[PDB]
Ligand SMILES: CCN1/C(=C/C(C)=O)Sc2ccc(OC)cc21
Ligand SMILES: CCN1/C(=C/C(C)=O)Sc2ccc(OC)cc21
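Residue numbers (the entry's author numbering), protein chains in the order written: chain A, 138 to 250; chain B, 138 to 250.
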């Protein structure tokens, strides 16, 4: 493994702990969610993100954050605000962007000098 | 855990993997290596470094590199050049400092932007 892969695997684990029931663990498809494909054109989930880490397809924390943000946007677009799915997506998005702050990324970034 | 701890744990696993027999895994004792305490002023080993990581006592990769270099210098000071201990110490010292090179950490630096 490489250092960036280890950093992204750490972030991903923290985020998955905030989704204990695995709402975001696998790709949502039309077989479970009517009309999903035509509402959610850019699907994303934790499992695809793990595969992209393993495949070393992320070159930055910015790219990783964008996939995480996409996933939570999709969940808030498709599900109505009354659903546990929409409600959890809003909460992990807030927490996730607070754990990968500009600030926190600069503090961790002064540790490597 | 914290991001810096996870990064140092990664480096430590890479280094410990080059010492499958655990020459460096635990403190050398005078019962095993006569006069060690009298010759080696500042003992160091992988287990203590892991203890300091968990205890979040490293504030830089530089500080971490300093304990690693200490560990390998100690082994080459106490053990004669024909011994497995001296030879492995020299080999992991070079490998570890190529893995925590200035360049490699500055590239990793841009990845967290
Ligand atoms: C994977 C769970 N989950 C959703 C997740 C997100 C993030 O949108 S959307 C949803 C709709 C139906 C279903 O099967 C009853 C499950 C379901
Ligand atoms: C624990 C291995 N090892 C050394 C370790 C370091 C890092 O120096 S020094 C030493 C001397 C004798 C011995 O038993 C033959 C072992 C011994």
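Idealized CB from N, CA, C, for every residue including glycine.
What's the gap between the Cα of residue i and the Cα of residue j?
i, j, result
"residue 162 of chain B", "residue 196 of chain A", "34 Å"
"residue 144 of chain B", "residue 157 of chain A", "25 Å"
"residue 243 of chain A", "residue 148 of chain A", "15 Å"
"residue 159 of chain B", "residue 167 of chain B", "17 Å"
"residue 216 of chain B", "residue 223 of chain B", "6 Å"
"residue 187 of chain A", "residue 146 of chain A", "7 Å"
"residue 154 of chain A", "residue 227 of chain A", "15 Å"
"residue 176 of chain B", "residue 200 of chain B", "23 Å"
"residue 233 of chain B", "residue 150 of chain A", "27 Å"
Once the 5 residues before and after residue i are set aside, which same chain residues still bring their CB inside 6 Å of it?
i, result
"residue 221 of chain B", "none"
Is the beta carbon of residue j closer than 9 Å to that of residue i?
i, j, result
"residue 140 of chain B", "residue 245 of chain A", "yes"
"residue 198 of chain A", "residue 249 of chain A", "no"
"residue 189 of chain B", "residue 210 of chain B", "no"
"residue 208 of chain B", "residue 182 of chain B", "yes"
Do residue i and ligand 2 come close, with the Cβ less than 8 Å from some heavy atom?
i, result
"residue 182 of chain B", "yes"
"residue 160 of chain B", "yes"
"residue 226 of chain B", "yes"
Within 8 Å: the Cβ of residue i and any heavy atom of ligand 1?
i, result
"residue 176 of chain A", "no"
"residue 212 of chain A", "yes"
"residue 237 of chain A", "no"
What does residue i touch in chain A if you count any residue whose Cβ is under 9 Å from its own?
i, result
"residue 144 of chain B", "140, 143, 144, 147, 245, 248 and 249"
Cβ closer than 8 Å: which chain A residues qualify as neighbours of residue i?
i, result
"residue 82 of chain B", "Past the edges of chain B, shown from 138 to 250, lies residue 82 of chain B, and the structure says nothing about it."
"residue 196 of chain B", "248"
Just to make sure I have the definition right: I need the residues of chain B whose C-beta is within less than 9 Å of the C-beta of residue i. Which are they?
i, result
"residue 189 of chain A", "The premise fails here: residue 189 of chain A is roughly 14 Å from chain B at the closest Cβ pair, so nothing lies under 9 Å."
Mind listing the chain B neighbours of residue i? Cutoff is C-beta to C-beta under 7 Å, in chain order.
i, result
"residue 178 of chain A", "Result: empty, since nearest Cβ-Cβ is about 28 Å, beyond 7 Å."
Among residues of its own chain, excluding the 5 on either side of residue i, which ones have a beta-carbon nearer than 7 Å to its beta-carbon?
i, result
"residue 184 of chain B", "162 and 163"
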